[PDB]
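Asker: Residue numbers (the entry's author numbering), protein chains in the order written: chain I, 1 to 408; chain A, 1 to 409; chain H, 1 to 408; chain F, 1 to 408; chain K, 206 to 408. Heads up, the beta-carbon is just placed ideally off N, CA and C, and yes, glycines get one too. Just dropping this structure here.
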Amino acid sequence: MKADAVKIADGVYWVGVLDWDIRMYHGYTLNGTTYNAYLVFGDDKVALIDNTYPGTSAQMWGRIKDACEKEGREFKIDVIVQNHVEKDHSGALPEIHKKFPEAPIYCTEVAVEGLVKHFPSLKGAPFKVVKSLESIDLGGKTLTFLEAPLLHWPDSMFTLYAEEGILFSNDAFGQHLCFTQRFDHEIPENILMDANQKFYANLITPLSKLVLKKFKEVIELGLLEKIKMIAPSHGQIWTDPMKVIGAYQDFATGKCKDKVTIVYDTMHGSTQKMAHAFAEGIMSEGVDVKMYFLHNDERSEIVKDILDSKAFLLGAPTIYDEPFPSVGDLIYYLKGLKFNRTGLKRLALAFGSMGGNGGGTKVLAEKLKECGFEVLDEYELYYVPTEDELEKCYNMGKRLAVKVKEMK
Amino acid sequence: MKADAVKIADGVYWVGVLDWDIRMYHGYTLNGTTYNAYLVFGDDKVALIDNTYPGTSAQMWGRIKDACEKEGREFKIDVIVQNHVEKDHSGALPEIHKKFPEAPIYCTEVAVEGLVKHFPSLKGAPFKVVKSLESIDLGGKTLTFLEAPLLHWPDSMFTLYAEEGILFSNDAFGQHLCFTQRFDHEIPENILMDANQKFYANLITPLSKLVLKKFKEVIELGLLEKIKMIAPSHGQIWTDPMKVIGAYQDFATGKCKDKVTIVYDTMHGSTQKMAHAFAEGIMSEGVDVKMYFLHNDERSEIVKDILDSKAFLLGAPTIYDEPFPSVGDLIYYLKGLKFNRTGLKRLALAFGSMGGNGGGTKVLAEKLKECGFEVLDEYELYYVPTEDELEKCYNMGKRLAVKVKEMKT
Amino acid sequence: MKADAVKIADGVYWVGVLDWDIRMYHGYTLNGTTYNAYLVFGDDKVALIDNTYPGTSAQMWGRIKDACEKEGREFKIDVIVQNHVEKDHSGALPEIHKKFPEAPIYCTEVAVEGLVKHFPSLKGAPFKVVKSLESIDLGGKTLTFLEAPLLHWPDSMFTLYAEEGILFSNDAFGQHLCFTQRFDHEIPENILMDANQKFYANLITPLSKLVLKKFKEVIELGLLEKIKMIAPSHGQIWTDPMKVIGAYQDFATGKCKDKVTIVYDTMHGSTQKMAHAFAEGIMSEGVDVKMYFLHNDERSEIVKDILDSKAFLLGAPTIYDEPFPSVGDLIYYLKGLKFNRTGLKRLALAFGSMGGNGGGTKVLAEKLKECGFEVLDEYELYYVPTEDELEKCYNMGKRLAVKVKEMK
Amino acid sequence: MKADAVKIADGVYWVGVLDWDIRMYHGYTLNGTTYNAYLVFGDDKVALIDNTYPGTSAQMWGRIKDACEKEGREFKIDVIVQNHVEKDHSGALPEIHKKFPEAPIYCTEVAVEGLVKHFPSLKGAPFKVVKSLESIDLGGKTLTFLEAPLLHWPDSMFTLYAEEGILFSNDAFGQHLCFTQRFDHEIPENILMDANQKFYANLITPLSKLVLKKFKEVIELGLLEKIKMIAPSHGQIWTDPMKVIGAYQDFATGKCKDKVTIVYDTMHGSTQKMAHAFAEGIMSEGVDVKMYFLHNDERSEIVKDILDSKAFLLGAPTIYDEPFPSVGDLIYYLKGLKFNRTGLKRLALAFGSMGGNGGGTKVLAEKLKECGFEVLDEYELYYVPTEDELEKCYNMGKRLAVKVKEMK
Amino acid sequence: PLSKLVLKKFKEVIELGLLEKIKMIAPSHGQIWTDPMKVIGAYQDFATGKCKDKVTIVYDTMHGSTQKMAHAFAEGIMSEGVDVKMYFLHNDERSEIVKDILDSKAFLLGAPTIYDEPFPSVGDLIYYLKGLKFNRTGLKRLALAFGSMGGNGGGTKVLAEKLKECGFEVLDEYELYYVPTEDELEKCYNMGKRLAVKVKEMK
Ligand SMILES: Cc1cc2nc3c(=O)[nH]c(=O)nc-3n(C[C@H](O)[C@H](O)[C@H](O)COP(=O)(O)O)c2cc1C
Ligand SMILES: Cc1cc2nc3c(=O)[nH]c(=O)nc-3n(C[C@H](O)[C@H](O)[C@H](O)COP(=O)(O)O)c2cc1C
Ligand SMILES: Cc1cc2nc3c(=O)[nH]c(=O)nc-3n(C[C@H](O)[C@H](O)[C@H](O)COP(=O)(O)O)c2cc1C
Ligand SMILES: Cc1cc2nc3c(=O)[nH]c(=O)nc-3n(C[C@H](O)[C@H](O)[C@H](O)COP(=O)(O)O)c2cc1C
Ligand SMILES: Cc1cc2nc3c(=O)[nH]c(=O)nc-3n(C[C@H](O)[C@H](O)[C@H](O)COP(=O)(O)O)c2cc1C
Ligand SMILES: [Cl-]
Ligand SMILES: [Cl-]
Ligand SMILES: [Cl-]
Ligand SMILES: [Cl-]
Ligand SMILES: [Kr]
Ligand SMILES: [Kr]
Ligand SMILES: [Kr]
Ligand SMILES: [Kr]
Ligand SMILES: [Kr]
Ligand SMILES: [Kr]
Ligand SMILES: [Kr]
Ligand SMILES: [Kr]
Ligand SMILES: [Kr]
Ligand SMILES: [Kr]
Ligand SMILES: [Kr]
Ligand SMILES: [Kr]
Ligand SMILES: [Kr]
Ligand SMILES: [Kr]
Ligand SMILES: [Kr]
Ligand SMILES: [Kr]
Ligand SMILES: [Kr]
Ligand SMILES: [Kr]
Ligand SMILES: [Kr]
Ligand SMILES: [Kr]
Ligand SMILES: [Kr]
Ligand SMILES: [Kr]
Ligand SMILES: [Kr]
Ligand SMILES: [Kr]
Ligand SMILES: [Kr]
Ligand SMILES: [Kr]
Ligand SMILES: [Kr]
Ligand SMILES: [Kr]
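Now the structure itself:
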């Protein structure tokens, strides 16, 4: 395939892959994404930083050939860097190693066993284990490695091109966006920061304390102000790195809007009527609302909006003494994401309709507490809400919205 | 609209609704269903048994008018029977009451409050509370009411047209099928019994002990052999009532096949490779397999197959120390269904791939035990399975299949 | 249901409905919408302008009661205005007429028969046929009716509250957005203008000549500068009317970006490889690309992007001498939309893979011409593209992108 | 992967792949499928007949190894047969050739170029072109080839294991079913014959005249009664070959039931009300009805039911002078399938609702005629049907059902 | 019956840019066209259902009663300024009849009942119309069936069924007993008048 590389600095190219057509990626909804790989031309050695998903390398190889041609160099890679073992960034490593078998593969210690377990043909490949602050010289360009375990996997690391302050952060600071434009400043800010928020919410939330720890280490090494560009493994390249670092600082410390996310499911529409009545009460106080119906909507957008919501409402009818089962998916996901690690226990209310002994709302309230929410109340009613019962939902939403606006 | 009634006995007509186009109904997948309503012409009184979902009454009214015309009677309903309050069978009750305000509404005591809570316009309607074995005379035809609380709601009852032994069972013995054919014998048996199995699995499983209790009461009264037809609220009418009663007896007592249902989810395909390797081991012992991938498949077909499986395998990768979240939906559903109430604790294995501390399979094993399964083992491995690890999956499946064939149903 | 009205001017309220949960509306994908209805309090008469979809009136009635309470007036409607017969705006008219049977219903001549055909209970209702420039006095407030046939139905009209210059335009200038925020300035501009573009593309494109004719008529009346607010029947209220009028002028006259929309379907991935190779050639010239895969994507987003694209590529494999059948849906839609009515014949290429006699690409080229595109070339190849064939796709895309940049 | 082979005759094994999880395959909906491959152990040579989809060979290799072990033979393929080039049966040919580079590949003349175009690594592979009635000796077992062009691709052929009368028919007589049971007699007949009908409808309909021509040739060679087993490339193996040959004869000659398939789409429900009223009229005559709503349903099930229906109804509302665009997909598909090639012109009616000039129903009637249907009537009405208009739909359906019953 | 193939051949010829290049059409019968666009234009009109405000009436009779009905329908049609061509199957033959149907918006067919069937001469025209398939022109011409009878009747019901099979839009049918009365001829006139109004409403 013929495909052009994109220069991001002198002798540095994006040689990634545009996954135009993907719409679901591990339960994360998106309108395509990219697998960003980078090619650094030192005077002596050419290094490839990360690669792409298995079967998607046609664009990558085309862009690598284009970059070598633009540099007046032979089609050759001398050094391979693997920041992360997950196959969306390591999937072409078997073919890169087969093509360039003498190129060493720089990665963390735990990455070696992980990569060989993913790709058995790499057994006996020239792996070179790296540690934080160790560097390699490409000839006028230096790559410095920085271990970042559990940001987001135990094998994860960042690679810094020291002379120009370009941080190849792999997943950290990435966003699932697929545009012809490669840089942060070339697309609308709302699209960029909404995709960044969704990426943090789904991938970084349980790591919020480690984010702040990594930031303290990066500032104590005096290297924060040296970062001129962040080139992540998905989406746009940050020419304004402090914009995304600032967004991460806000998400990791529980900075939220005066906003409530409401999620519900229904069989006969009664829980839906309750959800809409809670929203009316919240809106009467000028507090924003995002409304999700689990029949149609899915977990990755829901958790994006919870991330900057001060409160979360969850509603479902009772079926055989349990809440309607679709909530189980979201609850299992919230149990993993651990929103309390942002330093904020978001307020919550459980609600629902029932037709006998009930009990679904009590289960929801207990699960919301396990997920780190501050459950203020619960409201369960019999079949179709009356006018007085919808006014109670409105009043509960109104009183919640007052508490939301009072919250620091 | 103009729509023909279907005669099911002398002076008795199906006047129901064909919901051709519905594909999802409270998370239950289907290729349409029906809302069966019945019109009984006594010499003195015409009785309507159940009705239909709100906004779907055009067919029902057309069939009622057609039946009255065929009987040489006025377009009039004298008696309304409401077997169950759920709006798929009571949704046209406000219109029926408005059209025929003097017709008494026969239902259980708890049904009255439930119907008025659903439909405020019924406040002050002529409700007539009934109890088990109470009857009403329509003139040469008798309707006898039998209370059936929690089969499937606390308001539920059956209505028996005594002289012909026609049991209007409402949801009990129903199936979500939408055909032009109205009777059990007019469609392929495999379609009928598969839909019946799906209906039991999703709606009756947690009531399995009450099913057997209701069957004991009906046998003690001597009414079991008097039932000549079962006319439920969805799908086909049973001209062979002992066929569906027999199927219910088997499902309520844990009669299963030499069959394993395997369910999994995956992000990068490793848990999928494990699932397929367990299946190969099971199949090597001549044991049947049903395979479900939670990315594409949904809870109502899964639980249909668990109902006559002797074993259930559940697999998922680990994400933030938890199993992949799609399993949470199925687990919440299985917690409600309580398959252990069938009198059998189906065998189970939990499995999955992981990339660090793991833990997802220990959560799965714990949840499977809470859902009433007999968990025999759990197997978690690191990233992509090796050949030896897929042979271990095969061997575990083979050993499970041996134990499945040793179980006596 | 208790739900607050929103004041939009002195004695004028939004009393609409938030359809939070709808995700598809006549094949148009969305994240909810609104059915905007308005209540105008004259000193003598209270007018309700449009209403909502059948079964969704709970919010509307709540907001009408709230507005009457805020005005110190009884819960009473004196005048009913029906701008458009489509049931998303007329669906509550039977229940409004039943509650207020003496309130006249103002609508166009053709609307009367259309409303009675939709709602048989309105036979004998007090209909009052209106014509362009006819007005009614509410007591200190005047409503002037302006006929807009085929903008977008034969019955359509606008209602102008003359003293404040508020144009109740019904569907015209609407957008399918459901937010707690009611005004244009309260949401991100990119979201607003993207939704406006989607609404124009799907609903207004074939009416582009009538839009320009309606604009000349409005300027000839000296009434364009007198519009201070446009309050449409869906989405945000325009406090900046010239922003949306300007967008409509651009869409109605073929003002496009240096941008190509590519649409394809595939069974075995060959047509997909071609589509991605055309994109690489286009991007090499700095021309933007939007890529759609018919397996996943749907017609309403596709036509949004065609609207401001200078070129359109359509690709599909051959099956039984015909193009893959999913293209038939999009082609039937484009035949109805008539993009040539914008005054521009967008450039086009047809492409695809085949395994025998072929012919699918020739059908695509013929259909693209029937849909008003200027078809420049066709490219059909045998099974999996070779490297030379993907370079041909790249070169064709490059040559197209040069022609796109040369267009006016 | 460890996976057992299944013996189907002395020295003959199924070594195929169970695709448990696939739900859509080129727009064909299914609950998984199989890629059947077969291993024939001659005294001198072991032949592999067909293989599997790319990336799905783990099961196949496991079963080949299991079969070789059971036969006391080396893990070695001496002969490769490729009946058809489509990648669901040829996708592992690159792997197989790389492992056994001296094994000749038997295929048709046109298959060679098709396979090398799909798989460039096969350039220079030992292809052996075969013609009809040419045979190869494996040592006590003979494989005879039989060209079957356009059944279903130009490259297609059947392979006959002469001594046992086992016809490896590739796609012909296949069904998209994925069960642990391998034979026709081991699953419920309704499931088997419904899947066989769906496979014929979607893949064989336009080839109906070639099916009857191939059956003439097979009877002229005296081979029909000698066929003891049909082992196709998907689904169950026919131990009762005359059951599927008989079904194919019926489908190829227009043998239908007293049955009408009704398909429609709707925006506001009026065309749906018409569709349901036509069904009531048809059912009043004891004629069966299958109802499809294009919003939810898809082309592959629709055409399955058209195949044994004597009549087909198609309804849609008018949008910008055209029928609702979802019909375009089904019409493009029916144009390719050419149901008139079964020797029957099925009866048809076109219907719909409209709100102005209409015209959608006239387009539907035109298109139904182009698709080979005998269009008897056309009915378009204004907005919501009245009681008299639904009685007209009922009467039209009743009259159609009388004509259906009169068709011999 | 080839009307759709005519239009497909005209698109193929226009796509090749060869239509404006034809200077003369020299066919195998009759006149040579020095004005080719005149006959191509006529073919385009016939292939797309361009008709006149005109009705073709065809009937047969034994004792004259169906003839009196036919003439009374014509009077009603003519009262609306709609043209009429009248054919009597005893004398007239199929090739002139179908010439006039081709640019008629409506077609009337009448015959008496004989042994529960329509008079047999209609069978020849019906078999011919079944082959010609006038519906292939893109127009379903309007039609009425009529006749006289002397017992159980039924001939008109058969005619209506056959007209439907030949692609016509049958609006009504009228069968009467033996010789029409003045009121029955006024009914024929009124039916023809109503038909002619619908004919003028067709575009
Ligand atoms: C299959 C099924 C099982 C139910 N089981 C229970 C139950 O165990 N306890 C209860 O209180 N209500 C039960 N209900 C009643 C529902 O909770 C009740 O209809 C409720 O009003 C539905 O709320 P919704 O309109 O939001 O779906 C059940 C309903 C269904 C359909
Ligand atoms: C977002 C994400 C989070 C993960 N978190 C964990 C974790 O907490 N513990 C663990 O052992 N593995 C974790 N993993 C690694 C996966 O379990 C591992 O990749 C596994 O092999 C996936 O199996 P599959 O191919 O069936 O998807 C995580 C993977 C992802 C994508
Ligand atoms: C069911 C089916 C029917 C086909 N019919 C034809 C045909 O009529 N003419 C043709 O040239 N190719 C035909 N093909 C071959 C495909 O066009 C060919 O495989 C093409 O390369 C598919 O491109 P894709 O990878 O983009 O799907 C057919 C393929 C299938 C699966
Ligand atoms: C966007 C749109 C465009 C329409 N265009 C036309 C048109 O060109 N001609 C027409 O007669 N009706 C037109 N209509 C009106 C519909 O055909 C009419 O509402 C019809 O009754 C819908 O039938 P349904 O309820 O089955 O969807 C249009 C409707 C919509 C929503
Ligand atoms: C041989 C013959 C057979 C007839 N059979 C019937 C018959 O089956 N049913 C009927 O209603 N009239 C029958 N008739 C009566 C004619 O239809 C009746 O005379 C009619 O008015 C003749 O119409 P005409 O004047 O247009 O010929 C028959 C007439 C003849 C001469
Ligand atoms: Cl590998
Ligand atoms: Cl009510
Ligand atoms: Cl109404
Ligand atoms: Cl290859
Ligand atoms: Kr670093
Ligand atoms: Kr590191
Ligand atoms: Kr990360
Ligand atoms: Kr980070
Ligand atoms: Kr930092
Ligand atoms: Kr950082
Ligand atoms: Kr850094
Ligand atoms: Kr009973
Ligand atoms: Kr009862
Ligand atoms: Kr039940
Ligand atoms: Kr029961
Ligand atoms: Kr029983
Ligand atoms: Kr029973
Ligand atoms: Kr009973
Ligand atoms: Kr105006
Ligand atoms: Kr107007
Ligand atoms: Kr509009
Ligand atoms: Kr406009
Ligand atoms: Kr305007
Ligand atoms: Kr205006
Ligand atoms: Kr053969
Ligand atoms: Kr075939
Ligand atoms: Kr065949
Ligand atoms: Kr055959
Ligand atoms: Kr054969
Ligand atoms: Kr011609
Ligand atoms: Kr011509
Ligand atoms: Kr020509």
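1. For F/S270, count neighbouring C-beta atoms within 10 Å of its own C-beta (all shown protein chains included) and say buried if the count is 16 or more, exposed if not.
2. How about A/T318 and A/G352: do their beta carbons lie closer than 8 Å?
3. Terminal residues of the continuous beta strand (DSSP E) containing F/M229?
4. From H/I166 to H/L212, what distance separates their C-alpha atoms?
5. Output yes or no for whether 8 Å exceeds the beta carbon distance between A/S156 and A/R341.
6. Taking only beta-carbon positions, decide if residue 416 of chain I is within less than 8 Å of chain A.
7. Indicate, with yes or no, if ligand 28 has a heavy atom lying under 7 Å from the CB of H/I204.
8. Do H/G174 and H/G235 have their C-beta atoms closer together than 8 Å?
9. Determine the DSSP secondary structure at H/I22, reduced to helix, strand or coil.
10. Can you find a CB in chain F that lies within less than 8 Å of the CB of H/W153?
11. Do I/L307 and I/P206 have their C-beta atoms within less than 8 Å of each other?
12. For the segment 157-180 of chain H, enumerate the residues whose C-beta is nearer than 9 Å to any C-beta of chain I, in chain order.
13. Compute the Euclidean distance between the alpha carbons of K/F215 and K/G222, then round it to the nearest angstrom.
14. With three or more beta-carbon pairs closer than 8 Å as the criterion, would you say the segment 88-102 of chain F touches the segment 110-121 of chain F?
15. According to DSSP, is H/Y35 helix, strand or coil?
16. Taking DSSP as the reference, what is the three-state secondary structure of F/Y13?
17. Within the 8 Å Cβ cut-off, does H/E134 reach chain F?
18. Rank A/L143, A/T29, A/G139, A/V402 by C-alpha distance to the C-alpha of residue 415 of chain A and give the top, closest one.
Answerer: If we stick to the structure as given:
1. That one is buried.
2. Going by C-beta atoms, A/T318 is nearer than 8 Å to A/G352.
3. Here the beta strand (DSSP E) through F/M229 covers 229-232.
4. Going by the C-alpha atoms only, they are around 20 Å apart.
5. For the 8 Å CB-CB criterion, A/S156 and A/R341 do not form a contact.
6. There is simply no residue 416 of chain I to check, as chain I begins at 1 and stops at 408 in what is shown.
7. With a cutoff of 7 Å, H/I204 does not count as near ligand 28, since its C-beta is closer than that to no heavy atom of the ligand.
8. Yes, the Cβ-Cβ distance between H/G174 and H/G235 is below 8 Å.
9. Here H/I22 sits in coil by DSSP.
10. At least one CB atom of chain F sits nearer than 8 Å to the CB of H/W153.
11. Contact flag unset, no.
12. Taking a C-beta cut-off of 9 Å against chain I, the contacting residues of the segment 157-180 of chain H are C178, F179, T180, listed in chain order.
13. A straight line joining the alpha-carbon of K/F215 with that of K/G222 spans about 11 Å.
14. A contact is defined here as three or more CB-CB pairs under 8 Å, and the segment 88-102 of chain F meets this definition with respect to the segment 110-121 of chain F.
15. In the structure shown, H/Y35 sits in a strand (DSSP, three-state: E or B).
16. Three-state result, F/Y13: strand.
17. False, the Cβ-Cβ gap to chain F never drops below 8 Å.
18. Any answer about residue 415 of chain A is impossible in this case: the structure gives chain A only from 1 up to 409.
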